[PDB]
Amino acid sequence: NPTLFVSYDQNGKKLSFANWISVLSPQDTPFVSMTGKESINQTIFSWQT
Amino acid sequence: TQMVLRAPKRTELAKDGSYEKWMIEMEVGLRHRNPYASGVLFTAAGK
Amino acid sequence: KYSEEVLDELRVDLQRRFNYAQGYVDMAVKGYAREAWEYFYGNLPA
Amino acid sequence: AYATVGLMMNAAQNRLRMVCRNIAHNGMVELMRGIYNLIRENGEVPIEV
Amino acid sequence: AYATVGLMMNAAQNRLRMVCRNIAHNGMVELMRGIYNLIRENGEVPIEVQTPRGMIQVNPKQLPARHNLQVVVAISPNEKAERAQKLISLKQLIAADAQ
Amino acid sequence: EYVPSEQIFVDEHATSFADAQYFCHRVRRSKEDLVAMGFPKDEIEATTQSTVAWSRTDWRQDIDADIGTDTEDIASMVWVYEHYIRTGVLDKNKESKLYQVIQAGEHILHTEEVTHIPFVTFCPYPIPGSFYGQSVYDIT
Amino acid sequence: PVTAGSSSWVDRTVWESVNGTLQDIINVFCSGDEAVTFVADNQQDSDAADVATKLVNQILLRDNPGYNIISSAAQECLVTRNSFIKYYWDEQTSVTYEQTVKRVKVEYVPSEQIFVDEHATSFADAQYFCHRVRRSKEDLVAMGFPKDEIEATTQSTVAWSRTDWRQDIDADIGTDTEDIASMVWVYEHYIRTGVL
C-alpha cells in the first residue's frame, strides 16, 4: 500500500539525459597520414623504372 | 604515396524520389616507387 | 622558386582543406541562404 | 540629465540601469586596472611630447 | 540630438541602432583600416599642396600608423555648416582676446 | 568590390578573419590575366551549389549559363580558386606563415606571403564565438 | 516540436529580451569616441593620465577589435550567465627579417572554455582556475619538445557548438597534424599551491 507518490508511480515522467555520447572508435590511421597525398586527373596512373 | 582523383565530397544522387538520401565519394589509389624498395614478411609455421 | 616537389605537396593540403570547407559551409550557411531568398521573393510558402 | 521632461523614473529603465552598472564595476574597471598594471610592469613606451 | 522632442527612446529604433553600430565596427572601420594599410604599402602618391600650389609626391610610406589614427563613419551631410559655425565662433573668441 | 556570400569558403574552427587557418574565394577571371602569369602555349581550359544559391537570388539569371563568346577568346572568363592559407609551404620548422595562393585547374599561377586577408564582412546581429551572424530570415 | 498535428510554433522571449538589454549595453559602453579616461588626484601626475588613456584606447580599439570584444562579452554572456575577457603580453617574431614585437593582446573567451573550484567566489579568492586554449605547435616548439610534434572534454565542445548549429569546434579543419601551424588544445592554469 504505497502511501506516497515517488516518481516510480508517476506516469508520463520526462527522464533526464546527459548531453554527450561515448565512442572509443579506434582511429589511428598512421599509414594514411604518413604517405601524404597527390592529386591527379585520371583513373589510371603509372611510373617508369 | 596516396594518389587521389576525386576528393571527399558530400553529395547526393538523382532526385524525384520519396527518400532523403545522402552520399560521399572518395576515389583513391595506391602507388609505390620501386617494388624492391619496401619489404613484406609473412609469418607461419612449417607443417 | 618553390620546388615542384613542394607545389605537388601544397596542392594536396590545399585541395583537402577546400573539400572540408565546402562541406561545412554548405550545411552551415548556403543551405539556408538558398531558401532565405525564396522567402524574400515570396516564392517559398508552398 | 533630462529633468526637462525625460525624468527616467521608470522601474523598467532602472532594473536595466542596474545591469550596466554591474558590468561597469565588476567588469570594465577591472579590465582597465588589469591593463594599467600589465603595462606598468613590462616593455618601454614613448609619448609624442 | 533631438532632445527637443524626438527623444529616440523606442526599443524599436534602438534594436535597429544596434545593427548599424555592428556594421560600423565589424565592417566599415575594417574596410578603412584595410585600405590605409594597402595604400601605405605600395605606389607613389601626390597631394595638391597650396602654399606653393602643386602636387607634392608624398612618399606614402612616410605616413603614420593606424595606432595614431581615430576613424569616424556616418557623417552628417551638413557637417560643413556646423564646422563653419564652430570656426566663426572660435574666430569671434580669438578676436576677443588680443594676447 | 562587393563579393556575393555564395563565392566564399572558410574552415569550421575559425571565428574571424584573423583566426582563420584556411579561407578561399571562387573568382571569375579572364584568360588574359592568367596568360599574364602562366601557361601561354595553352588556353583551352574549360561546385554547382554555389551556382544554384546565387542563381536563386532572383530567377532571370543563371551564373553558369552559356554567355556565348567561344572559349578560345582570350577575353573569355574563367573560375579560379584564390586562397589564403596558414601552412608549411616551407618546412614546418619554419613559422607557419600566411600565404595568398592562386590556382586554376592543376596549375598554380602565383604565391606570396601576406600579413592580412583583403576582405571585410558586413553582419547585423552577430553571434559570439562564431564567424557567421544571424539574419532577418532566421528571425522572421 | 511535439507532434505533427499540434502546429508547434515557438515564442521568442529570451531572444527579443537579450537583444533588448544588449542594445542598451552597447549603447552605453561602446558608443563613445573612447572607452575610458583616467583621472588623477593631483596635478603632479595629471600629465600621465592622458598618456595612459591614449595608450589603453589605442590598444583596445585602434589595435585590438574592442567593439567585437565588448559586444561578444555582452550577447555571449546574458544567456551563458557569465562571460570572460582575458589579456596577455604577446611576443611575435618574424635577409634577416627577424623583426620582433610585444603587444597587449586582449581577447574574448567563450564561457565554455573556463574552469574554477567550488569553494571560490571571485578571481581573488580562487585557489584553482584554468582555461582550455587552442594554440599552434609553433608556440609550443618555442617552449619544448622540438624533436616531436605529432601530438594529437566533449561537453565543452557540445555546449559551444550549440551556440549555433552551423559550426562544430572539434571538426576536422583539414590541415594535417604535422603542420607546425596546426592548432592544439592546452590547459593553461592558475593555481595556489606548494610547488615549493
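Residues numbered from 1 in each chain as written, not as in the entry; some residues may be left out. Chains lettered and ligands numbered in written order. Part of a larger assembly, values for the part shown. Heavy atoms only, no water.

Its official PDB title, as written in the record, is "Bacteriophage SU10 virion (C1)".

Per the PDB entry, chain B goes by Major head protein and derives from Escherichia phage vB_EcoP_SU10.

Closest axis-to-axis distance for the helix α1 (residues 11-39) of chain E/helix α1 (residues 15-29) of chain G pair is 9 Å, and the angle between their directions is 65°. For the element pair α1(E) / α1(G), the angle class is roughly perpendicular. Here α1(E) runs over α1(G); the crossing is left-handed. Together, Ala11(E), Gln13(E), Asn14(E), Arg15(E), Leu16(E), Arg17(E), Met18(E) and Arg21(E) of α1(E) and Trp15(G), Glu16(G), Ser17(G), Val18(G), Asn19(G), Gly20(G), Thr21(G), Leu22(G), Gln23(G), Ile26(G) and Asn27(G) of α1(G) make up the contact between the two elements. (Axes fitted to C-alpha atoms, helices over the stretch in contact; angles between N-to-C directions. Helix = DSSP H or I, 4+ residues; strand = E, 2+ residues; numbered from the N terminus. Parallel < 35°, antiparallel > 145°, perpendicular 65-115°, else oblique. Left-handed = near helix turned anticlockwise from the far one by under 90°. Contact = heavy atoms within 4.5 Å.)

Let's shift gears to helix α1 (residues 11-39) of chain D. In an α-helix, one turn spans 3.6 residues, which is why side chains three or four residues apart end up on the same side. If you check α1(D), its first and last C-alpha atoms are 41 Å apart, about what 29 residues at 1.5 Å a residue would give, namely 42 Å. The sharpest bend along α1(D) reaches about 35° and sits at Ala24(D). For α1(D), the full list of buried residues reads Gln13(D), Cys20(D), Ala24(D), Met28(D), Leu31(D), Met32(D), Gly34(D), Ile35(D) and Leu38(D). Where the residues of α1(D) are buried, they touch α1, α2 (46-63), α3 (66-78), β1 (84-93) and β2 (100-109) of chain G. (Expected span 1.5 Å × (residues − 1). Bend = angle between axes of the 7 residues up to and from the residue. Buried < 20%, exposed > 50% of the residue type's maximum accessible area, 1.4 Å probe, protein only.)

All names here are of chain B. Within the fold, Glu 27 resides in strand β2 (residues 23-30). Residue classification places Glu 27 among the partly exposed residues on the basis of a relative accessible area of 33%. The sequence separation of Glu 27 and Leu 13 amounts to 14 residues, and the corresponding C-alpha distance is 16 Å. The residues touching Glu 27, leaving out its near neighbours within four places in the chain, are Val 4, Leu 5 and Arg 6.

What follows is about the interface of chain G and chain F. Chain G puts 27 residues into the contact, and the matching count from chain F is 25 residues. The junction of chain G with chain F conceals about 2200 Å² of combined surface from both sides, 50% of it contributed by carbon and sulfur atoms. Counting the contacts that link chain G with chain F gives two salt bridges. Between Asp179(G) and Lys92(F) there is a salt bridge, with the nearest N and O atoms lying 3.9 Å from each other. Here chain G is connected to chain F by 19 residue pairs in polar contact. (Buried area = accessible area lost by both parts, 1.4 Å probe. Salt bridge = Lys/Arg side-chain N within 4 Å of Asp/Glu carboxyl O. Polar contact = N/O pair within 3.5 Å; in protein donor to acceptor, adjacent residues only side chain to side chain.)

Time to look at a nonpolar patch on the surface. The grouping of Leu31(E), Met32(E), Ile35(E), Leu38(E), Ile39(E), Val71(E), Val73(E), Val120(F) and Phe122(F) at the surface amounts to a nonpolar patch, some 720 Å² of accessible area in total. For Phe122(F), a relative accessible area of 52% corresponds to the exposed category. (Patch = residues over 30% accessible without salt bridge, like charges linked within 9 Å, V, L, I, M, F, W, Y side chains within 5 Å. Areas by Shrake-Rupley, 256 points an atom, 1.4 Å probe, with all protein chains shown as cover.)

Before going further, it helps to examine the packing of aromatic side chains. All told, the structure shown has 17 aromatic pairs over all chains when counted by the stated rule. Ring plane angle 55° and centroid distance 4.9 Å describe the contact between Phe18(C) and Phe9(F), whose orientation is recorded as tilted. You can see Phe18(C) sitting in helix α1 (residues 4-40) and its partner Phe9(F) sitting in strand β1 (residues 8-10), one on each of two chains. Each member of the pair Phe18(C) and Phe9(F) is classed as buried. On the numbers, 5.8 Å between centres and 40° between planes, the contact of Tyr36(D) with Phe38(G) is tilted. (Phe/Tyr/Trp six-rings, centres within 6.5 Å; stacked < 30°, edge-to-face > 60°.)

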